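Survey of secondary and tertiary structure
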Amino acid sequence: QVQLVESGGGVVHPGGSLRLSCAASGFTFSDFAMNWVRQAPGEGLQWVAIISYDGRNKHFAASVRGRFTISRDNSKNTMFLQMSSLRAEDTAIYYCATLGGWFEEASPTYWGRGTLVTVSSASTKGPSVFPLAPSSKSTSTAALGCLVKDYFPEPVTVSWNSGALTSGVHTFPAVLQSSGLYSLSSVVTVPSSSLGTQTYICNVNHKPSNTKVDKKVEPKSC
Amino acid sequence: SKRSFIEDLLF
Amino acid sequence: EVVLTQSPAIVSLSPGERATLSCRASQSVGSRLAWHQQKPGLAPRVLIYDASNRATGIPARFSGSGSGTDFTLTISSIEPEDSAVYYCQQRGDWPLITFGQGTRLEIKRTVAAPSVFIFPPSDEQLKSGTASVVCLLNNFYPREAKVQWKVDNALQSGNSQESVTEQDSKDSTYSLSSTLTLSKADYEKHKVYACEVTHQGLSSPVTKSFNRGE
């Protein structure tokens, strides 16, 4: 299958530089012009840059022109976006994509998975995982969860019982607290009859700061 | 190349 | 150069009905217009290309139309799975690609009252100096919900933060979590910690309280 995978995302200090790469597979890379598209935390798509099939034609949106450079290697099916003089507005999810070309018959549109870039002077800090234990806060089913507090930057991924527990899980979107740190919570509804019998472990992954924290949430005495 | 010649016009 | 404007900003509709999304271009772009779908949390996916042609794996309920300056995307039998944001994108100025600001489709469903659960702070966090009290509202519709923390019948402010999951693709509900962050000292100085929920599914405002050490 066709695949576009971006890499290089991370936190970068304001004014600093970061280099994003896009690995292509499953299609003739050298035939397609390649774009970068970015998306602010809750905003829409914003086109950023385009690199021609051969690599001698480039264009950049005015807001990143003079700070971003773009390159491609058709022998590795890779493309690179070199960002410099980064500022707060550049904080986004960054996608690489083919967006139809210029032919009368539009060429296929592929979208990458995307990579997160955070432009911030704050330091990378791992999560403190605190239990949300089941208690008399149940209906008929019981709710339990994990509180992921004071981490930077995003993403954290939460799975339950190593992904075996998927039904009923809700991982709320992360919120930036008054401290410049992120707080997230993940919950799951389970049968109350299994609280004394079945172990429930939340698996918090924070790839930015090196941490994999596993927390067992035990029912409260209640 | 042909295609490159037109793409220079577009750019 | 080619600005795309999308209307409406938001559209809420019941399943099986028909949505019509508009994208107007500041200058003619012929048929060189495409529609993308993004379910938030996931990357975009092309939906319509050349303004009327479906892309791979796109069901036939989706249909595009128009040319020149006016364009429409039509969804005929709305499914809950179509809860998403839709973007239009022109390629007429091929070195200069532009996107529209986006249009969100929310699926209407029967009104569902929230399941409200309170979570006392964990002793482990308490000895760190902070107390986080979590109020969870689970599987409700519509989205509009008012969550108000009260400590010893004293309404709170500035010390709460809320986060809403995206609308679920199958049951069309929302879930909300309000987090009350407190000092270890202020927490131990009070007894009644409540979370009052106001919602269309509730006949009267509902208060969810726990008494510290009780």
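Looking at the method and resolution fields of the entry, one finds X-ray crystallography and 2.3000 Å.

It is worth spelling out the interface of chain A and chain C at this point. Tallying the contact residues gives 46 residues for chain A and 41 residues for chain C. Roughly 3600 Å² is buried in total at the junction of chain A and chain C, and carbon and sulfur atoms are behind 66% of that figure. In terms of surface lost to chain C, no three residues of chain A exceed A:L45, A:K137 and A:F172, which account for 17% of the buried area on that side. One can count 1 salt bridge joining chain A with chain C. For the pair chain A and chain C, the number of links is 12 residue pairs in polar contact. In terms of residues, the side of chain A that touches chain C owes the most to one element, strand β13 (residues 142–151) of chain A, which gives 4 residues.

Residue and element names in this part refer to chain A. The final tally for this structure, using the stated rule, is 13 salt bridges over all chains. Ionic pairing is found between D73 and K76, a salt bridge with its closest N-O pair at 2.2 Å. Among the ionic contacts, a cluster of salt bridges with common partners joins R38, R67 and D90.

Moving on, we come to the packing of aromatic side chains. Overall, the coordinates contain 15 aromatic pairs over all chains when judged by the stated rule. Relative to A:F103, the ring of A:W102 has its centre 4.7 Å away and its plane inclined at 65°; by these criteria the two rings are edge-to-face. What makes A:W102 buried here is its relative accessible area of 16%. On the basis of an interplanar angle of 40° and a centroid distance of 6.3 Å, the ring pair of A:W102 and C:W94 is categorised as tilted. Separated into two different chains, A:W102 in the loop between β9 (92–99) and β10 (109–111) and C:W94 in the loop between β9 (84–90) and β10 (98–99) make up a pair that spans both.

In this structure, A:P155 follows A:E154 across a cis peptide bond, with omega equal to 0°. By secondary structure assignment, the location of A:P155 is in the loop between β13 and β14 (157–160). Cis geometry marks the peptide bond from C:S7 to C:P8; its omega dihedral reads -5°. If you trace the backbone, C:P8 turns up in the loop between β1 (4–7) and β2 (10–13). Unusually for a residue other than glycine, A:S85 sits at a positive phi of about 45°. Within the secondary structure, A:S85 sits in the loop between β8 (78–83) and β9.

The next subject is the state of the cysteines. Scanning all chains against the criterion turns up 4 disulfides over all chains. Note that A:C22 is cross-linked by a disulfide to A:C96, the S-S spacing being 2.1 Å. What sets the handedness of the A:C22 and A:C96 disulfide is the S-S torsion sign, and at about 65° it is right-handed. Pair noted here: A:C22 is in strand β3 (residues 18–25) and A:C96 is in strand β9, with a separation of 74 residues, a long-range link. This pair shows no difference in class: A:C22 is buried, exactly as A:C96 is. Put simply, C:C23 and C:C88 are joined by a disulfide, and their sulfur atoms are 2.0 Å apart.

Moving on, we come to the sheet that holds strand β18 (residues 201–206) of chain A. Working definition: the strands of a sheet are paired by backbone hydrogen bonds and lie parallel or antiparallel to each other. Residue and element names in this part refer to chain A. Spatial ordering of the open sheet is given by β14-β18-β19, a layout of 3 strands whose pairing is antiparallel. The two strands at the open ends of the sheet, each matched to only one other strand, are β14 and β19 (211–216). On average, adjacent strands in this sheet sit at an angle of 20° to one another, irrespective of strand direction. The pairing of β18 with β19 spans 6 bridges and is antiparallel. Along β19, the bridge assignment pairs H206 with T211.

All names here are of chain C. Sheet architecture is open: 4 strands sit in the order β15-β14-β18-β19, paired in antiparallel fashion. Bordering the open sheet on either side are β15 (154–155) and β19 (206–211), each of which pairs with just one other strand. Two strands pair when backbone bridges link them, and strand β14 (residues 146–151) and β15 are joined in this way by 2 bridges, in the antiparallel orientation. By the bridge assignment for β15, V151 is matched with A154.

Here we come to the domain arrangement of chain C. All names here are of chain C. For chain C, the domain assignment lists domain 1 (4–107) and domain 2 (115–211). Each of domain 1 and domain 2 has a C-alpha centre, and these two points are 37 Å apart. Opposite the 8 residues of domain 1 that make contact, domain 2 presents 8 residues. The junction of domain 1 with domain 2 conceals about 690 Å² of combined surface from both sides, 34% of it contributed by carbon and sulfur atoms.

All names here are of chain B. By the burial criterion, the buried members of helix α1 (residues 2–10) are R3, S4 and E7. Down the axis, α1 shows its buried residues gathered within 95° of arc, on one side only. Exposed and oriented more than 90 degrees from the buried face of α1 are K2, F5 and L9.

This brings us to the environment of C:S26. Residue and element names in this part refer to chain C. One can find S26 in the loop between β3 (19–25) and β4 (33–38). Spatially, the C-alpha atoms of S26 and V164 are 35 Å apart, while their sequence positions differ by 138 residues. Contacts of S26, omitting those with residues within four sequence positions, involve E1, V2 and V3. At 3.3 Å, the side chain of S26 forms a polar contact with the backbone oxygen of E1.

All right, on to the environment of C:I107 then. All names here are of chain C. Assignment of secondary structure puts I107 in strand β11 (residues 103–107). Owing to a relative accessible area of 0%, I107 belongs among the buried residues under this scheme. Filtering out sequence-adjacent residues up to four positions away, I107 remains in contact with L13, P15, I78, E79, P80, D82, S83, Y141, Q167 and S172.

The rules behind each value
- Residues numbered from 1 in each chain as written, not as in the entry; some residues may be left out.
- Chains lettered and ligands numbered in written order.
- Heavy atoms only, no water.
- Contact = heavy atoms within 4.5 Å.
- Buried area = accessible area lost by both parts, 1.4 Å probe.
- Salt bridge = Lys/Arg side-chain N within 4 Å of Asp/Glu carboxyl O.
- Polar contact = N/O pair within 3.5 Å; in protein donor to acceptor, adjacent residues only side chain to side chain.
- Helix = DSSP H or I, 4+ residues; strand = E, 2+ residues; numbered from the N terminus.
- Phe/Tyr/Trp six-rings, centres within 6.5 Å; stacked < 30°, edge-to-face > 60°.
- Buried < 20%, exposed > 50% of the residue type's maximum accessible area, 1.4 Å probe, protein only.
- Disulfide = S-S within 2.5 Å.
- Pairing = 2+ DSSP bridges.
- Axes fitted to C-alpha atoms, helices over the stretch in contact; angles between N-to-C directions.
- Domains from an automatic or database assignment.
- Arc of directions from axis to C-beta.

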